[PDB]
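Worksheet: the structure to be examined is printed underneath.
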Amino acid sequence: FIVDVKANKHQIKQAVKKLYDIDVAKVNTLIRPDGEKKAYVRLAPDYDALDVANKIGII
Amino acid sequence: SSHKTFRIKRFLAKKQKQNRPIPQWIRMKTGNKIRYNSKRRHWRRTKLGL
Amino acid sequence: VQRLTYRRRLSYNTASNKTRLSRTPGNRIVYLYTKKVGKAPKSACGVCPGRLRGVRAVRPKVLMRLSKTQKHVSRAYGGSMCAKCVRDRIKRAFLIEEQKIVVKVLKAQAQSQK
RNA sequence: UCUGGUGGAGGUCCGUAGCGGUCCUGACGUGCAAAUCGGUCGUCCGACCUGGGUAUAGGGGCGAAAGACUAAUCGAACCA
RNA sequence: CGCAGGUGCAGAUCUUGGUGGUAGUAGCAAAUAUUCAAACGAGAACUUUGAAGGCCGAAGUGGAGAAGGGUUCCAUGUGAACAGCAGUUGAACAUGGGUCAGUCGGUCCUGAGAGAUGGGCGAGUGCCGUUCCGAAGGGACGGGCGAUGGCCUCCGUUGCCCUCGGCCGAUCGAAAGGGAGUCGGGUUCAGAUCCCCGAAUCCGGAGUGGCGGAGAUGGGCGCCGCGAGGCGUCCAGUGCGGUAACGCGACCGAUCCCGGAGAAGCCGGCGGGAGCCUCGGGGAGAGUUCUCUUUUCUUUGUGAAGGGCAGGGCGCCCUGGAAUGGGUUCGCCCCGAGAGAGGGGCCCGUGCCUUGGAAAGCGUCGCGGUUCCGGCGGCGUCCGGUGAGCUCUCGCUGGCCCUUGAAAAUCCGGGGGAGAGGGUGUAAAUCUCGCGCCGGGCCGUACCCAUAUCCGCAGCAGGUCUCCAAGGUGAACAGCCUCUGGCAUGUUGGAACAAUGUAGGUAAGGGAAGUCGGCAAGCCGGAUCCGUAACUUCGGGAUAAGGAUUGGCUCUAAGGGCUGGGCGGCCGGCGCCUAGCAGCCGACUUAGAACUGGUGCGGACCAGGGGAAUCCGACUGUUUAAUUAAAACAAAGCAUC
RNA sequence: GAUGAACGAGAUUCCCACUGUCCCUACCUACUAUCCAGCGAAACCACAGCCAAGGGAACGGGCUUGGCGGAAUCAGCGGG
RNA sequence: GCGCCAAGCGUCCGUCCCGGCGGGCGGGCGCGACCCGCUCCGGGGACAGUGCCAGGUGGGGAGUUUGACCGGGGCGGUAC
RNA sequence: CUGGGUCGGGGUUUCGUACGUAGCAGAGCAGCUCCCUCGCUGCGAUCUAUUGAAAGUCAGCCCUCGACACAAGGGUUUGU
RNA sequence: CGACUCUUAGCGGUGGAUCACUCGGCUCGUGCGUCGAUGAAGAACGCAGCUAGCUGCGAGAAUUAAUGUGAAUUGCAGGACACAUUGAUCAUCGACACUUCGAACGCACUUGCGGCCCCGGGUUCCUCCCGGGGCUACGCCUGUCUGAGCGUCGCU
């Protein structure tokens, strides 16, 4: 995801859980040279990333 | 260097995003006078104020 | 011969950049960053040049995750004073107190007889 | 007292890296370079060389002292 | 017709812009070097692939970082402009993409220093000042006095009062100082100790005890029980072992006090460990085979964290009492303040084995599906020897100093004993022991790191802080050649070989006659064996000066380590190692000799010409960056104020 | 002030050795210069550019009087 | 060597217990550790010092000047 | 009445006896042997013969004429 | 003959003078004459479907609401507005909103570290973890509370 720069991993994990109804294992954070924050959100083993991506519409 | 502060990185981010060419449809706007981006900056030629 | 590179961004041979050579299961030689050598406690007496016995020579902050037996010797002034000077203070305390009783008795007897 | 060993001192000698810069009054001299290049040279455990961080600001600083250096500017810098 | 001016240019080394001749001229000459073929393509001296020939030659033209740069990184496309020839190419242009951390840093601590408040000064913005002219504590064992909430008999949270209490003062200051804790394998076009797999670890929290273990479960009097073993009563129990050094899995405890660690220079010499190099064999693959070579080349693992064992060290302990002094080091050094001898203890353990672990990695030989399956399978990943070898590191022990070579956060140990716990339960307070549960937020992270990503106006022979560092020759990190890795000769090519030049050589006979002057060049040069003067501050001068040798080959002599001493043992007189004998193992040199070459041999490379004097400065050191390196300055010493 | 071992990229004289410093120059090598394809400057410039004498601001390319003078160029050169 | 956070006395309590006094349990105060006296202790002192004026010294510092004529200027002369 | 090239021959000339083979030459050394010393074998710089041999020689040397292919082709101009 | 050189004219070009124009200046004059701890000026970073700069804006970001107006905006696209079951655009602007620095305000200038009181979620009054909200700067005035003083006194 691309997230707000003023957002830590706790806020990112809670948000992804709230609007997508999924469980998060861990979150990794990066700030790109563009200036925006990139979050790598690994999901729990029960949830499938491809199925979640289909429901969101990114694939 | 790799070791940089957040303030410097955000400053370099902005200069990176504003180093783009003029869009093509701007030339078609009524009463247009811009032909190219005259503020293009090359890293080797001109150095940043920082 | 394979040549090595630093695994960290410190490029200087400082006291906190010391390394050793280790051979990996991948048959490669890599740097391993080593901890500083600890020192055992020095005796509180101030006259013994050697370190104390029975106490691990580790860096001070690691000392708090060891058990108490690794940090002391089973004796009065165990992990802070050597045995030799503990012995000397037992005798020094006893003999000076003995002299004080003798002096007090001698001055009391002299006062009574004079 | 002499001899043979051992020992490893020194602002010690030859001499690398490093630091410097003698002579050719060599090269270049609208240069590679608003001071560089080659051979040859001085020193190379010490008054040694060096990074970063700190302090001293213009009639002031700093000077193993050449009026030297103080951002290609110094017998008082630069800016307005 | 009147009115009013910023009203007339050839000049001013005039100002701004534009343009000529020079001139298709100067130039595109620092660091050895390119060639053949093919591919893509309109187009190739310059791109890519392959094959040759060369270079950097590990103090690299290699692999990585710090500053600085800021997207230059990566893929695709273009060939307008730029990259001083081209270009199918680029650090150019365009379109997309790329930097993932509790355990790598920042963040925290103080250093040199910077800097508020109090105070003082100051017309004033403000300045001095950092403990100095301040009532500078806002916290806490604990106790009491009240409210409140709960798994509410009781405990906990919150206000007030006693008790304690020096901040020896805010705060800032290091991406090289201090500072707990992560390492193997795989994965990308570009990320990675950060992602995946695996195995660990530190810190914090757990109240309503998470489970165990410890504390901690004995003794006396009796009674019953055949007796064991149970019933009543009474008294213990904040652990235990070793003579000791100290040890064991825990092993209560506050204010207060003492101490330790963090936390220390430079140089030398020895020793231990590892990595690298080396030597002898065994595998697997490859090269050569015109002749030989059982050959030559490559490769031949086990992370952290635990457990055990070597090994290293010790001013640690016990017995004991030494001169006919002994022990002992390369050097030293040690002993009645306790040597030698014997027996223990501790610390470190980066080494070996082991869990991790072979399931993974690598080598090699095959079999599959399809672009990727960490596909599948077989075999292997072995046994030794050396050393003043190089590097790193751990130790021990010395030398030098009118030089003595940080601080603070942070962590620990001890002294004391204010307190707490329970009356004999299967118990309490308590536990730095074993396992179990939860969390670790913010920022940096791509790439260049320089004869093309930094500064010098640029792809500028300049400048710019570090880390790793193979073979041969040899004193060597010297120079010369080579391997791993890298490159395309440094902003162009073709042809020719004139003058003058820049750089490198040679020269008959003289031998400084040249010139201000031996400037420049040349002579000498290494090592071994001889031999060395005047003078002198006795240290030196000194490689003084002068002479001889030096190759190749074949031998000789000397210089060491281990083991043993009359099927398997052993109760034994019966043996005697004693001019140190036998066997086995091993590396590096030194000296001497014979032979031998067209007298050539430190055969390249590396590599002091010397002597007799005068002047100045004692010496080492320093100086005008960019014309003066000197006799100038400094200096120890002397003297004065 | 005088002296003085050791030292000195300090100034000087002589001697041995050695030599292209010289008599007296020559030959060889690499890179240039040269010519070509491609690229492509700058300084400088009143107009320009053959001499002798004269006079002249007393040393002329220009003026006077003589000598004379023939497109366009190349490589060198240092009198002007 | 160790040394603090009172032992010991003398009294006063309990809304506390067990037989007005006693015992137990938990507390308080005084002495131990004297009283009084106006500046914490000590050293100077109407001096030093500060503010204002006056005299001296003051190239440490500031600003400025350092004639003219002249067979070039200077020196010399004065024909100023 | 051929020609000039390219190879190849031969002459000239430079250096100084090539590789291989053989040796009863070679300072010496090791092994077998008999069971212990005749011989044989091997290592070994170098030496002797083959061998004034081998190698180079116009590219700006001399004569060939033996082999091989090639040489009547191309472009631009010039008139009393 | 040419070539070369010189001059003139025509035409063509390295060039951008002259003329004409001007949503710009300069000068004079008139009326107003208003910033900020309720956070100013000035910085920083962001915000458009395609948008770099200028401009406008602030997480509601090239704008929301309201009023007036009355059919557009426009470079392309898309869909509003049926053009009264009341509204495109523009103007005005009194409502709402207004990120981070900055006098700049919890301490410090690094996306560093706190404290007190509340709210929600994990566990349940560990306030242990995460998220959110309100406070937490200096000087100074009136009042308030709590205090100090061998300062002056009174009752004891």
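As a convention, Cβ positions derive from the backbone with ideal geometry for all residues, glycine included, and neighbour counts pool all protein chains shown. No value in this document is a laboratory result; all are computed from the given coordinates.
Farthest towards the positive end of the charge dipole of the range C:57-108, among the residues C:74, C:101, C:85, is the Cα of C:74, using unit charges on the Cβ of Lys, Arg, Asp and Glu. Relative intensity of chain B on a log10 scale, I(q)/I(0) at q = 0.19, 0.31 Å⁻¹, equals -0.75, -1.23, per a Debye sum over C-alpha point scatterers of equal strength in the absence of solvent. Close amide H pairs (under 5 Å, H built 1.01 Å from N) link residue C:45 with C:82, residues at least 5 positions away or on another chain. Counting Cα-Cα pairs of chain C in 10 Å increments starting at 0 gives whole-percent bin shares of 11, 22, 18, 17, 13, 7, 5, 4, 2, 1. Three principal axis extents describe the C-alpha atoms of the protein assembly as shown; from largest down they are 131, 56, 52 Å. So how tilted is helix A:9-20 from the main axis of chain A? Cα-based, degrees 0 to 90, rounded to 10. That helix lies at roughly 40 degrees to the long axis. Between residue A:31 and A:38, the built amide H atoms are under 5 Å apart, and every one of these is 5 or more places off in sequence or on another chain. Distances between placed amide hydrogens fall under 5 Å for residue A:23 paired with A:44, all partners being 5 or more residues away or on another chain.
The phi-based Karplus calculation (6.51 cos²θ - 1.76 cosθ + 1.60; θ = phi - 60°) puts the 3J(HN,Hα) values of the range B:10-20 at 5, 5, 6, 4, 5, 5, 5, 6, 9, 8, 9 Hz, whole numbers, x for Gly and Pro.
According to the calculation over all Cα-Cα pairs in chain A, the P(r) per 5 Å bin from zero is 4, 18, 29, 24, 17, 7, 1 %. Please determine, in degrees from 0 to 90 and to the nearest 10, the orientation of helix C:83-113 with respect to the longest principal axis defined by the Cα atoms of chain C, where the helix direction is its Cα long axis. Here the helix axis deviates by roughly 20 degrees.
For the peptide A:23-36, the mean number of other protein chain Cβ atoms found within 10 angstrom of a residue's Cβ is 2.
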